[PDB]
>>> print(open('data-v9.txt').read())   # compact mmCIF, C-alpha atoms and all ligand atoms
# COMPACT_ATOMS: atom_id res chain seq x y z
CA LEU A 257 16.84 3.35 -28.19
CA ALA A 258 15.08 6.78 -28.02
CA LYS A 259 14.26 7.95 -24.44
CA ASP A 260 12.83 10.78 -22.26
CA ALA A 261 14.66 13.56 -20.36
CA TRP A 262 13.99 11.56 -17.14
CA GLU A 263 17.30 9.91 -18.13
CA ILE A 264 20.40 10.29 -15.90
CA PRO A 265 24.07 9.27 -16.11
CA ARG A 266 24.63 6.01 -14.32
CA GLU A 267 27.56 7.50 -12.38
CA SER A 268 25.36 10.05 -10.60
CA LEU A 269 23.88 7.05 -8.74
CA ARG A 270 25.61 5.64 -5.71
CA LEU A 271 24.19 2.34 -4.48
CA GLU A 272 24.90 2.29 -0.74
CA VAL A 273 22.81 0.05 1.59
CA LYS A 274 20.88 -2.99 0.36
CA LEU A 275 17.29 -2.72 1.52
CA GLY A 276 16.01 -6.05 0.29
CA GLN A 277 15.86 -8.40 -2.66
CA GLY A 278 13.35 -10.68 -4.35
CA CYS A 279 12.78 -12.38 -7.70
CA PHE A 280 12.62 -9.27 -9.94
CA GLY A 281 15.97 -7.74 -9.01
CA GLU A 282 16.91 -6.00 -5.77
CA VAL A 283 16.45 -2.56 -4.07
CA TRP A 284 18.98 -0.18 -2.48
CA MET A 285 19.28 3.08 -0.51
CA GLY A 286 21.72 5.59 -2.03
CA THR A 287 22.68 8.94 -3.59
CA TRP A 288 21.82 10.62 -6.91
CA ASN A 289 24.10 13.36 -8.29
CA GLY A 290 25.72 14.93 -5.23
CA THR A 291 23.20 14.68 -2.41
CA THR A 292 19.51 13.51 -2.46
CA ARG A 293 18.62 10.26 -0.73
CA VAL A 294 17.16 7.77 -3.19
CA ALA A 295 15.70 4.32 -3.47
CA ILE A 296 17.23 2.43 -6.46
CA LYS A 297 15.21 -0.45 -7.90
CA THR A 298 16.94 -2.77 -10.42
CA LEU A 299 16.08 -5.56 -12.86
CA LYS A 300 17.95 -8.87 -12.90
CA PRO A 301 18.79 -9.73 -16.54
CA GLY A 302 17.29 -13.20 -16.15
CA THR A 303 13.70 -12.63 -14.94
CA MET A 304 11.65 -10.29 -17.22
CA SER A 305 12.35 -8.32 -20.39
CA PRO A 306 13.22 -4.59 -20.76
CA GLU A 307 9.60 -3.80 -21.89
CA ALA A 308 8.21 -5.69 -18.82
CA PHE A 309 10.10 -3.91 -16.01
CA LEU A 310 9.74 -0.61 -17.94
CA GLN A 311 5.95 -0.57 -17.68
CA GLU A 312 6.09 0.74 -14.05
CA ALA A 313 7.86 3.77 -15.61
CA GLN A 314 5.29 4.27 -18.40
CA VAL A 315 2.86 4.85 -15.51
CA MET A 316 5.15 6.10 -12.70
CA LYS A 317 6.00 9.03 -15.00
CA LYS A 318 2.40 10.17 -15.70
CA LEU A 319 1.32 9.69 -12.02
CA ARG A 320 2.39 12.46 -9.63
CA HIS A 321 0.52 12.61 -6.26
CA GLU A 322 1.60 13.38 -2.63
CA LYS A 323 0.85 9.80 -1.54
CA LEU A 324 2.12 7.84 -4.51
CA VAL A 325 5.85 7.25 -4.21
CA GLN A 326 7.46 9.55 -6.82
CA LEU A 327 9.66 8.39 -9.66
CA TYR A 328 12.72 10.68 -9.85
CA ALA A 329 14.57 9.26 -12.95
CA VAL A 330 15.33 5.99 -14.88
CA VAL A 331 18.15 4.26 -16.75
CA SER A 332 16.48 2.27 -19.59
CA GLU A 333 19.25 0.32 -21.47
CA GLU A 334 20.07 -2.67 -19.17
CA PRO A 335 21.31 -3.17 -16.59
CA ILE A 336 18.17 -1.25 -15.47
CA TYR A 337 17.94 1.19 -12.54
CA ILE A 338 14.67 2.85 -11.56
CA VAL A 339 15.49 5.64 -9.14
CA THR A 340 12.67 6.91 -6.92
CA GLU A 341 12.10 8.87 -3.69
CA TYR A 342 13.46 7.29 -0.52
CA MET A 343 10.95 6.09 2.07
CA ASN A 344 12.93 5.59 5.25
CA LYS A 345 10.84 3.28 7.58
CA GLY A 346 10.28 0.48 5.02
CA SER A 347 6.94 -1.16 4.22
CA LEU A 348 3.82 -0.41 6.28
CA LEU A 349 3.99 -4.03 7.50
CA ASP A 350 7.54 -3.87 8.93
CA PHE A 351 7.01 -0.48 10.50
CA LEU A 352 3.79 -1.38 12.23
CA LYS A 353 5.11 -4.74 13.39
CA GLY A 354 8.52 -3.47 14.74
CA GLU A 355 9.80 -1.25 17.64
CA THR A 356 7.62 1.84 17.00
CA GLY A 357 4.61 -0.34 16.18
CA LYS A 358 3.68 -0.84 19.81
CA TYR A 359 3.50 2.92 20.51
CA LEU A 360 0.88 3.71 17.81
CA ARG A 361 -2.66 4.28 18.96
CA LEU A 362 -5.87 4.82 16.97
CA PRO A 363 -5.49 8.49 16.09
CA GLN A 364 -2.17 7.57 14.41
CA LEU A 365 -3.26 4.42 12.53
CA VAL A 366 -6.46 6.17 11.34
CA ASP A 367 -4.45 9.06 10.02
CA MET A 368 -2.06 6.63 8.13
CA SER A 369 -5.15 5.02 6.63
CA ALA A 370 -6.65 8.35 5.55
CA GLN A 371 -3.34 8.96 3.64
CA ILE A 372 -3.38 5.58 1.91
CA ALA A 373 -6.92 6.31 0.79
CA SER A 374 -6.00 9.77 -0.41
CA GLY A 375 -3.61 7.98 -2.75
CA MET A 376 -6.06 5.26 -3.71
CA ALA A 377 -8.49 8.06 -4.49
CA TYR A 378 -6.02 9.66 -6.89
CA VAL A 379 -5.53 6.14 -8.33
CA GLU A 380 -9.37 6.10 -8.48
CA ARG A 381 -9.73 9.44 -10.31
CA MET A 382 -7.28 8.37 -13.05
CA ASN A 383 -9.24 5.12 -13.81
CA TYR A 384 -6.29 3.02 -12.59
CA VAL A 385 -6.41 -0.24 -10.58
CA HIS A 386 -3.73 -1.34 -8.07
CA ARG A 387 -4.44 -5.08 -7.79
CA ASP A 388 -2.34 -5.78 -4.68
CA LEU A 389 -3.14 -3.29 -2.02
CA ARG A 390 -1.85 -4.34 1.36
CA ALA A 391 0.39 -2.92 4.14
CA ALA A 392 3.52 -4.70 2.65
CA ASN A 393 3.07 -2.56 -0.48
CA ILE A 394 2.70 0.77 1.48
CA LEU A 395 5.83 2.64 2.41
CA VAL A 396 6.40 4.85 5.43
CA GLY A 397 8.58 7.83 6.07
CA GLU A 398 9.35 10.73 8.34
CA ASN A 399 6.30 12.09 10.26
CA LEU A 400 4.29 8.87 9.95
CA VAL A 401 3.71 9.65 6.24
CA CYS A 402 2.46 6.72 4.15
CA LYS A 403 2.68 6.45 0.35
CA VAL A 404 1.19 3.83 -1.91
CA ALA A 405 3.44 2.44 -4.65
CA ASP A 406 5.90 -0.17 -5.77
CA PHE A 426 -0.43 -15.28 -3.83
CA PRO A 427 -2.32 -12.79 -1.58
CA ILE A 428 -5.77 -14.39 -1.55
CA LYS A 429 -6.46 -13.15 2.02
CA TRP A 430 -6.30 -9.47 0.97
CA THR A 431 -8.07 -9.92 -2.41
CA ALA A 432 -11.82 -9.57 -3.14
CA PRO A 433 -13.88 -12.72 -3.88
CA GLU A 434 -14.72 -11.74 -7.44
CA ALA A 435 -10.94 -11.30 -8.12
CA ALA A 436 -9.80 -14.30 -6.11
CA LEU A 437 -11.99 -16.59 -8.18
CA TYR A 438 -13.09 -14.94 -11.45
CA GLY A 439 -10.18 -12.50 -11.89
CA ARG A 440 -12.25 -9.28 -11.93
CA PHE A 441 -9.95 -6.71 -10.48
CA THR A 442 -11.59 -3.27 -10.17
CA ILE A 443 -11.07 -0.23 -7.98
CA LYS A 444 -13.96 -1.65 -5.91
CA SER A 445 -12.04 -4.93 -5.55
CA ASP A 446 -9.23 -2.59 -4.33
CA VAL A 447 -11.56 -1.17 -1.68
CA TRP A 448 -11.98 -4.75 -0.40
CA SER A 449 -8.28 -5.02 0.33
CA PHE A 450 -8.44 -1.55 1.95
CA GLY A 451 -10.75 -3.02 4.49
CA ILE A 452 -8.42 -5.99 4.99
CA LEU A 453 -5.61 -3.37 5.31
CA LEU A 454 -7.71 -1.72 8.07
CA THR A 455 -7.40 -4.94 10.01
CA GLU A 456 -3.59 -4.69 9.51
CA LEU A 457 -3.39 -1.16 10.89
CA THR A 458 -5.78 -1.99 13.76
CA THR A 459 -3.94 -5.09 15.10
CA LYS A 460 -0.55 -3.70 14.17
CA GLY A 461 0.80 -6.14 11.62
CA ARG A 462 -1.18 -9.36 11.93
CA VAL A 463 -2.13 -11.59 9.01
CA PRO A 464 -5.91 -11.33 8.45
CA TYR A 465 -8.12 -14.29 9.33
CA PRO A 466 -5.69 -15.54 12.03
CA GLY A 467 -5.00 -19.32 12.04
CA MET A 468 -6.77 -19.81 8.68
CA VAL A 469 -5.19 -21.23 5.52
CA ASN A 470 -6.43 -19.88 2.16
CA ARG A 471 -9.02 -22.52 1.42
CA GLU A 472 -10.92 -21.55 4.64
CA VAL A 473 -10.76 -17.85 3.77
CA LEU A 474 -12.24 -18.56 0.32
CA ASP A 475 -14.67 -21.06 1.86
CA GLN A 476 -15.91 -18.84 4.62
CA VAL A 477 -16.13 -15.42 2.95
CA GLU A 478 -18.18 -17.31 0.33
CA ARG A 479 -20.63 -18.53 3.03
CA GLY A 480 -20.63 -14.93 4.39
CA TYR A 481 -18.06 -14.92 7.21
CA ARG A 482 -16.21 -11.69 7.97
CA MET A 483 -13.34 -10.81 10.28
CA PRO A 484 -14.77 -9.62 13.54
CA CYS A 485 -13.95 -6.43 15.25
CA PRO A 486 -10.27 -6.63 16.41
CA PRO A 487 -9.39 -6.03 20.12
CA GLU A 488 -10.44 -2.54 21.34
CA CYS A 489 -11.25 -1.42 17.83
CA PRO A 490 -14.08 1.11 17.98
CA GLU A 491 -17.17 -0.18 16.27
CA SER A 492 -17.37 2.73 13.85
CA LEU A 493 -14.07 1.44 12.35
CA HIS A 494 -15.45 -2.12 11.89
CA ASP A 495 -18.59 -0.88 10.20
CA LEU A 496 -16.41 0.72 7.51
CA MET A 497 -14.48 -2.53 7.15
CA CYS A 498 -17.82 -4.29 6.57
CA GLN A 499 -18.65 -1.52 4.08
CA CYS A 500 -15.40 -2.42 2.24
CA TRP A 501 -16.37 -6.15 2.44
CA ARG A 502 -19.83 -5.94 0.84
CA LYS A 503 -20.41 -8.96 -1.47
CA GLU A 504 -21.63 -6.77 -4.32
CA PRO A 505 -18.69 -4.68 -5.44
CA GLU A 506 -20.69 -1.75 -6.87
CA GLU A 507 -21.72 -0.96 -3.25
CA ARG A 508 -18.42 -0.81 -1.45
CA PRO A 509 -17.67 2.92 -0.88
CA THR A 510 -15.20 4.95 -2.95
CA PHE A 511 -11.72 5.92 -1.76
CA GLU A 512 -13.10 9.51 -1.77
CA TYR A 513 -15.76 8.49 0.79
CA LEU A 514 -13.21 6.35 2.69
CA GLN A 515 -10.71 9.22 2.80
CA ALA A 516 -13.06 11.83 4.20
CA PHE A 517 -14.50 9.49 6.80
CA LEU A 518 -10.99 8.78 8.07
CA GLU A 519 -10.04 12.42 7.97
CA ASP A 520 -12.94 13.46 10.22
CA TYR A 521 -12.93 10.31 12.34
CA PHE A 522 -12.28 11.96 15.68
CA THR A 523 -14.80 14.81 15.35
CA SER A 524 -17.73 13.35 13.40
CA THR A 525 -17.65 9.67 14.36
CA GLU A 526 -15.74 9.15 17.68
CA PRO A 527 -15.24 12.55 19.36
CA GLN A 528 -15.41 10.92 22.79
CA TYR A 529 -12.58 8.41 22.22
CA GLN A 530 -10.25 7.70 25.15
CA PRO A 531 -6.87 5.91 24.61
CA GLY A 532 -6.83 2.26 25.85
CA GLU A 533 -4.34 -0.53 26.58
CA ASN A 534 -3.35 -0.75 22.91
CA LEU A 535 -5.43 1.42 20.50
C1 LIG B 1 13.15 -4.02 -1.17
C2 LIG B 1 11.82 -4.09 -0.41
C3 LIG B 1 11.85 -5.14 0.71
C4 LIG B 1 11.45 -2.71 0.14
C5 LIG B 1 10.11 -2.71 0.89
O1 LIG B 1 9.16 -3.57 0.28
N1 LIG B 1 11.41 -1.75 -0.97
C6 LIG B 1 11.57 -0.42 -0.77
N2 LIG B 1 12.06 0.06 0.41
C7 LIG B 1 12.21 1.40 0.60
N3 LIG B 1 12.69 1.96 1.76
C8 LIG B 1 13.22 1.33 2.85
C9 LIG B 1 13.73 2.11 3.90
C10 LIG B 1 14.32 1.55 5.03
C11 LIG B 1 14.42 0.17 5.13
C12 LIG B 1 13.91 -0.61 4.09
CL1 LIG B 1 14.00 -2.39 4.14
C13 LIG B 1 13.32 -0.05 2.97
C14 LIG B 1 11.85 2.26 -0.44
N4 LIG B 1 11.88 3.64 -0.59
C15 LIG B 1 11.38 3.87 -1.86
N5 LIG B 1 11.09 2.69 -2.46
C16 LIG B 1 10.55 2.23 -3.76
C17 LIG B 1 9.22 2.92 -4.09
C18 LIG B 1 11.61 2.37 -4.86
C19 LIG B 1 11.37 1.74 -1.59
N6 LIG B 1 11.21 0.41 -1.79
>>> encode(input="data-v9.txt", output="structure tokens")
Amino acid sequence: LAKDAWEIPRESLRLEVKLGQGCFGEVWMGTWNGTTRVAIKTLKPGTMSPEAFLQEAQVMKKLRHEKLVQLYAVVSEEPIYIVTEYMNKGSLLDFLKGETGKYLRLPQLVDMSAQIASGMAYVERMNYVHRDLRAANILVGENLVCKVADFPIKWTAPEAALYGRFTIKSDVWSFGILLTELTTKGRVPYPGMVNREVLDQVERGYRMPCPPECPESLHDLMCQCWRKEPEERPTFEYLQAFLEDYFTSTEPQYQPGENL
């Protein structure tokens, strides 16, 4: 049991409000040392081994970026506690689907999306691969900030859904699905379809239409993310810049509508 200087006393932590749960332990709001808000992820001794739930610290240590949720400190010898930065509006999905959700318009959702891509472009640069990129795995905070971090066939690229080839380009596919999430404010993609239809239909060439009031320059870039041949889908670096300049270069004559 030799460990890094990320290591803290497990009395400095102060598990306060229970955020949620799940199969792989639970997650809490709280306090580390005196002040500092913190998320506190834990492992249930029951599910997976010490080496398993201390892989996402092998990585979460090396990876520092503005839009990846930052590891603050761990406690390795079980019971386990991963302490990270607090994101205080919950997943992208909740946020976008709850009280504030209805007030967001396109400038705001496009900006969120530019941030997600900024993070998936740092992911990109490091030759990493996320493998489950969707709104539910994005977290939101003060100032509409959005950080990446942490069976979904509907968000997953064909080549991964069937042949298990996850690549950063198969991540781009989900990005485009995630663009439907931002643009309809929370809705499951492919509405009123079970998974076999989604696999069936994307295979015969179907693609989600343009959502209500969604400018057609947005949809094009969803279709760019949904190209059959994965080497063609654009990089997170292209995606990011496009979304950064959206309202000057692409739609500089955009007027706010009923919803977007
Ligand atoms: C327990 C889960 C349901 C939630 C969201 O998926 N997990 C969660 N919520 C977080 N925040 C949060 C804030 C308000 C309400 C709720 Cl439910 C969650 C959070 N902040 C930082 N992290 C991790 C990167 C450690 C977080 N993780």
>>> axis_aligned_box(input="data-v9.txt", around="ligand LIG 1 (chain B)", padding_each_side="8 Å", output="lines of an AutoDock Vina configuration file")
center_x = 11.8
center_y = -0.6
center_z = 0.1
size_x = 21.3
size_y = 25.0
size_z = 26.0
>>> residues_near_ligand(input="data-v9.txt", ligand="ligand LIG 1 (chain B)", cutoff="10 Å", atoms="all atoms listed in the file", output="PyMOL selection string")
chain A and resi 273-278+281-285+293-298+324-328+338-351+391-397+403-406
>>> closest_residue(input="data-v9.txt", among="A:488, A:322, A:506, A:307", to="residue 529 in chain A", atoms="all atoms listed in the file")
A:488
>>> closest_residue(input="data-v9.txt", among="A:318, A:490, A:388, A:444", to="residue 507 in chain A", atoms="all atoms listed in the file")
A:444
>>> atom_distance(input="data-v9.txt", atom1="CA of residue 312 in chain A", atom2="CA of residue 430 in chain A")
22.0 Å
>>> closest_residue(input="data-v9.txt", among="A:473, A:331, A:514, A:376", to="residue 429 in chain A", atoms="all atoms listed in the file")
A:473
>>> atom_distance(input="data-v9.txt", atom1="CA of residue 480 in chain A", atom2="CA of residue 503 in chain A")
8.4 Å
>>> closest_residue(input="data-v9.txt", among="A:289, A:433, A:259, A:379", to="residue 271 in chain A", atoms="only C-alpha atoms")
A:289
>>> closest_residue(input="data-v9.txt", among="A:492, A:364, A:332, A:287", to="residue 272 in chain A", atoms="all atoms listed in the file")
A:287
>>> residues_around(input="data-v9.txt", residues="residue 458 in chain A", least_positions_apart="2", cutoff="8 Å", atoms="only C-alpha atoms", output="ChimeraX atom specification")
/A:362,365,454-456,460,486,489,535
>>> atom_distance(input="data-v9.txt", atom1="CA of residue 319 in chain A", atom2="CA of residue 370 in chain A")
19.3 Å
>>> residues_near_point(input="data-v9.txt", point="(-15.1, 7.9, 18.6)", cutoff="10 Å", atoms="only C-alpha atoms", output="MDAnalysis selection string")
chainID A and resid 362:363 490:493 521:530
>>> closest_residue(input="data-v9.txt", among="A:358, A:482, A:462, A:300", to="residue 498 in chain A", atoms="only C-alpha atoms")
A:482
>>> residues_around(input="data-v9.txt", residues="residue 371 in chain A", least_positions_apart="6", cutoff="8 Å", atoms="all atoms listed in the file", output="NGL selection string")
:A and (323 or 401-403 or 515)
>>> write_last_selection(input="data-v9.txt", atoms="C-alpha atoms", output="PDB file, in the frame of the given file")
ATOM      1  CA  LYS A 323       0.850   9.800  -1.540  1.00  0.00           C
ATOM      2  CA  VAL A 401       3.710   9.650   6.240  1.00  0.00           C
ATOM      3  CA  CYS A 402       2.460   6.720   4.150  1.00  0.00           C
ATOM      4  CA  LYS A 403       2.680   6.450   0.350  1.00  0.00           C
ATOM      5  CA  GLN A 515     -10.710   9.220   2.800  1.00  0.00           C
TER       6      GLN A 515
END
>>> residues_around(input="data-v9.txt", residues="range 384-387 of chain A", least_positions_apart="2", cutoff="7 Å", atoms="only C-alpha atoms", output="PyMOL selection string")
chain A and resi 379-380+382+389+441-443+446
>>> residues_around(input="data-v9.txt", residues="residue 450 in chain A", least_positions_apart="6", cutoff="9 Å", atoms="all atoms listed in the file", output="list in words")
residues 369, 372, 373, 389, 390, 430, 497, 500 and 511 of chain A
>>> residues_around(input="data-v9.txt", residues="residue 299 in chain A", least_positions_apart="2", cutoff="10 Å", atoms="only C-alpha atoms", output="PyMOL selection string")
chain A and resi 279-283+297+301-306+308-310+334-338
>>> decode(input="data-v9.txt", residues="range 498-522 of chain A", atoms="N, CA, C and O atoms", output="mmCIF file, in the first residue's frame")
data_model
loop_
_atom_site.group_PDB
_atom_site.id
_atom_site.type_symbol
_atom_site.label_atom_id
_atom_site.label_comp_id
_atom_site.auth_asym_id
_atom_site.auth_seq_id
_atom_site.Cartn_x
_atom_site.Cartn_y
_atom_site.Cartn_z
ATOM 1 N N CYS A 498 -25.516 15.931 -38.924
ATOM 2 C CA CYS A 498 -25.302 14.991 -40.027
ATOM 3 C C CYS A 498 -23.834 14.757 -40.346
ATOM 4 O O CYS A 498 -23.466 13.668 -40.757
ATOM 5 N N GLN A 499 -23.001 15.774 -40.137
ATOM 6 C CA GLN A 499 -21.540 15.634 -40.197
ATOM 7 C C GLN A 499 -21.038 14.678 -39.077
ATOM 8 O O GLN A 499 -20.241 13.816 -39.309
ATOM 9 N N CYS A 500 -21.537 14.812 -37.863
ATOM 10 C CA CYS A 500 -21.254 13.830 -36.821
ATOM 11 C C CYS A 500 -21.818 12.419 -37.130
ATOM 12 O O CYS A 500 -21.310 11.424 -36.628
ATOM 13 N N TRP A 501 -22.858 12.309 -37.949
ATOM 14 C CA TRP A 501 -23.493 10.998 -38.186
ATOM 15 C C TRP A 501 -23.135 10.359 -39.529
ATOM 16 O O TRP A 501 -23.881 9.517 -40.021
ATOM 17 N N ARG A 502 -22.002 10.756 -40.109
ATOM 18 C CA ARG A 502 -21.506 10.137 -41.329
ATOM 19 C C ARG A 502 -21.261 8.641 -41.090
ATOM 20 O O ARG A 502 -20.707 8.283 -40.047
ATOM 21 N N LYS A 503 -21.688 7.770 -42.026
ATOM 22 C CA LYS A 503 -21.446 6.332 -41.867
ATOM 23 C C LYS A 503 -19.970 6.053 -41.605
ATOM 24 O O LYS A 503 -19.620 5.320 -40.673
ATOM 25 N N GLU A 504 -19.113 6.637 -42.429
ATOM 26 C CA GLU A 504 -17.689 6.297 -42.422
ATOM 27 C C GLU A 504 -16.924 7.168 -41.433
ATOM 28 O O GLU A 504 -16.755 8.365 -41.656
ATOM 29 N N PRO A 505 -16.425 6.550 -40.363
ATOM 30 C CA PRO A 505 -16.080 7.289 -39.148
ATOM 31 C C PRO A 505 -14.892 8.203 -39.330
ATOM 32 O O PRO A 505 -14.848 9.221 -38.639
ATOM 33 N N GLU A 506 -13.974 7.847 -40.231
ATOM 34 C CA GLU A 506 -12.833 8.697 -40.599
ATOM 35 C C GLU A 506 -13.211 10.085 -41.193
ATOM 36 O O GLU A 506 -12.325 10.899 -41.499
ATOM 37 N N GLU A 507 -14.508 10.342 -41.377
ATOM 38 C CA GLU A 507 -14.970 11.534 -42.071
ATOM 39 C C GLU A 507 -15.626 12.493 -41.100
ATOM 40 O O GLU A 507 -15.501 13.722 -41.232
ATOM 41 N N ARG A 508 -16.331 11.955 -40.123
ATOM 42 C CA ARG A 508 -16.877 12.795 -39.079
ATOM 43 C C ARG A 508 -15.811 13.812 -38.644
ATOM 44 O O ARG A 508 -14.638 13.483 -38.602
ATOM 45 N N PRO A 509 -16.193 15.052 -38.347
ATOM 46 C CA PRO A 509 -15.194 16.093 -38.042
ATOM 47 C C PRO A 509 -14.619 15.939 -36.651
ATOM 48 O O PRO A 509 -15.266 15.325 -35.833
ATOM 49 N N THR A 510 -13.436 16.491 -36.406
ATOM 50 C CA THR A 510 -12.801 16.451 -35.088
ATOM 51 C C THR A 510 -13.503 17.378 -34.097
ATOM 52 O O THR A 510 -14.150 18.386 -34.481
ATOM 53 N N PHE A 511 -13.323 17.069 -32.811
ATOM 54 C CA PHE A 511 -13.760 17.984 -31.744
ATOM 55 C C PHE A 511 -13.155 19.412 -31.873
ATOM 56 O O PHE A 511 -13.809 20.392 -31.525
ATOM 57 N N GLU A 512 -11.943 19.509 -32.426
ATOM 58 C CA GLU A 512 -11.329 20.786 -32.729
ATOM 59 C C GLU A 512 -12.134 21.532 -33.828
ATOM 60 O O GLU A 512 -12.351 22.737 -33.724
ATOM 61 N N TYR A 513 -12.600 20.850 -34.870
ATOM 62 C CA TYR A 513 -13.447 21.535 -35.829
ATOM 63 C C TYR A 513 -14.760 21.879 -35.090
ATOM 64 O O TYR A 513 -15.195 23.044 -35.046
ATOM 65 N N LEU A 514 -15.363 20.865 -34.468
ATOM 66 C CA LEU A 514 -16.674 21.040 -33.831
ATOM 67 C C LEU A 514 -16.653 22.285 -32.973
ATOM 68 O O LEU A 514 -17.555 23.123 -33.105
ATOM 69 N N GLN A 515 -15.597 22.396 -32.141
ATOM 70 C CA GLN A 515 -15.471 23.394 -31.086
ATOM 71 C C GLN A 515 -15.510 24.767 -31.681
ATOM 72 O O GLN A 515 -16.267 25.616 -31.215
ATOM 73 N N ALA A 516 -14.694 24.978 -32.715
ATOM 74 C CA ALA A 516 -14.550 26.291 -33.343
ATOM 75 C C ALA A 516 -15.825 26.734 -34.039
ATOM 76 O O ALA A 516 -16.212 27.906 -33.982
ATOM 77 N N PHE A 517 -16.449 25.792 -34.736
ATOM 78 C CA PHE A 517 -17.724 26.033 -35.381
ATOM 79 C C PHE A 517 -18.738 26.542 -34.364
ATOM 80 O O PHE A 517 -19.523 27.450 -34.666
ATOM 81 N N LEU A 518 -18.727 25.966 -33.163
ATOM 82 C CA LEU A 518 -19.769 26.284 -32.191
ATOM 83 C C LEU A 518 -19.405 27.573 -31.482
ATOM 84 O O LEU A 518 -20.248 28.250 -30.902
ATOM 85 N N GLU A 519 -18.127 27.915 -31.539
ATOM 86 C CA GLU A 519 -17.654 29.105 -30.872
ATOM 87 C C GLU A 519 -18.054 30.334 -31.714
ATOM 88 O O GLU A 519 -18.424 31.369 -31.168
ATOM 89 N N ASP A 520 -18.045 30.177 -33.033
ATOM 90 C CA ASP A 520 -18.246 31.284 -33.946
ATOM 91 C C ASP A 520 -19.663 31.262 -34.494
ATOM 92 O O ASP A 520 -19.985 32.025 -35.414
ATOM 93 N N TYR A 521 -20.516 30.399 -33.942
ATOM 94 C CA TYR A 521 -21.806 30.098 -34.584
ATOM 95 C C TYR A 521 -22.550 31.375 -34.994
ATOM 96 O O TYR A 521 -22.978 31.532 -36.135
ATOM 97 N N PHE A 522 -22.651 32.311 -34.060
ATOM 98 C CA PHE A 522 -23.502 33.463 -34.261
ATOM 99 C C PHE A 522 -22.911 34.635 -35.058
ATOM 100 O O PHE A 522 -23.593 35.623 -35.315
#
